[PDB]
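Coming up is one lone chain in structure tokens, specifically the form deposited in one PDB entry.
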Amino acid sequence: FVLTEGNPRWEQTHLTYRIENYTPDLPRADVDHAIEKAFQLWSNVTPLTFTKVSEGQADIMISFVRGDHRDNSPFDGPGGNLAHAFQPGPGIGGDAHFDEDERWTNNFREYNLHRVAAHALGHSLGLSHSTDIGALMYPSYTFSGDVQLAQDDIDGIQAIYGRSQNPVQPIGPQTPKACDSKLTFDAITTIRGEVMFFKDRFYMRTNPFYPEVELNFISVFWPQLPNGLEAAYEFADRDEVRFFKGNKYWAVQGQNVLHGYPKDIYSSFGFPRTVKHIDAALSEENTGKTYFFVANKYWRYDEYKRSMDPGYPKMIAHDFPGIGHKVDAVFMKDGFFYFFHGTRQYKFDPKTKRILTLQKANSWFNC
């Protein structure tokens, strides 16, 4: 997080704001609400309060404007800069201007007003752009349907004003660090030539032609997948990547979620309802044999026959000696199976069923 230069802050703990004008994009109420709710995310973690005066002068004037508008920071039409706000202070101080040339929505569609507002209001209270990709205060519009402060935004805002008086004390999601032992995984897939590891609402993109690991919100490519995936595997044959979350899964074709998902795992694959979820999964190079690990047992699905294989509720501790009792993630690359559990990665050899090399989970990165 970054505190604006000059450390601008408000002296008065009880602030007032006002929605000067409105956008013809959303019913005045949906906007009042969107802004009401946004102001709450910040007041929820600080001693600050935000009252809305319907007329007169408010500490924060919120307005919707186009291109040039007597303020030094003209808008660029559709796209790009969605809005701006000014650091705390008198007059124009602490104001927010939303680029009207934008299509403001109260849904998933491009440019959800609420999500863009929570950011702006960050600048309005004294915060500047954070270098942490998972922060709300990161100069980039992403949106997975939910909008919350990241632990980073909470730290930064409380650095300026202090904590909420609430007795429990709110907390936000933390961002993963590629090169940090103890790092663990939720799922690992091989989407088109590269390998993507998942951790929370983030992915770590590893591509052979490039040297660096890329960290980012899974929503960059797939806004409508569920937050916190459980397993994922690519199926070359049908250029598909299936993601799992509990009792159902999502099929993604490159960058587009296919029509019809999520879809339950019991009907589509044939698991007993005793299996409430999949822990990890990987599919054979070309033999069309997808393996789904469920606790200490595993199942094998025949992708072509679109049905499980003969009596497969088999124990992992048998057909896969060593690896362990539990699997967090798994993926196949170069005829080898790389099992992940906790912080350790096993280089299992299917050919001779032997654990060739124990290693760091984050080993696959540049550390």
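Just so we're on the same page, rigid core means the largest C-alpha set that superposes within 1.5 Å between forms. Note that residue numbering follows the sequence shown and begins at 1. Only residues modelled in both forms are compared.
Quick note: we don't show the form deposited in another entry, though the next part is all about it.
Novice: Fit the core first: which of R28, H325, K305, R70 then shifts its CA by 2 Å or more between this form and the one not shown?
Specialist: Correct option: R70.
Novice: Fitting the rigid core first, would the Cα of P272 be found 2 Å or more away between this form and the one not shown?
Specialist: No, shifts by less than 2 Å.
Novice: For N207, is the C-alpha shift between this form and the one not shown 2 Å or more after core superposition?
Specialist: Indeed, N207 is displaced by 2 Å or more.
Novice: Might you say whether the CA atoms of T206 and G80 end up closer or farther apart in the other form than in this form? Their distance differs by 3 Å or more.
Specialist: It is farther: in the other form, the C-alpha atoms of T206 and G80 lie at least 3 Å more apart than they do here.
Novice: At 2 Å or more of Cα shift, core superposed, where are the runs of at least three residues that differ between this form and the one not shown?
Specialist: Runs shifting 2 Å or more: 66 to 81, 166 to 168, 207 to 211.
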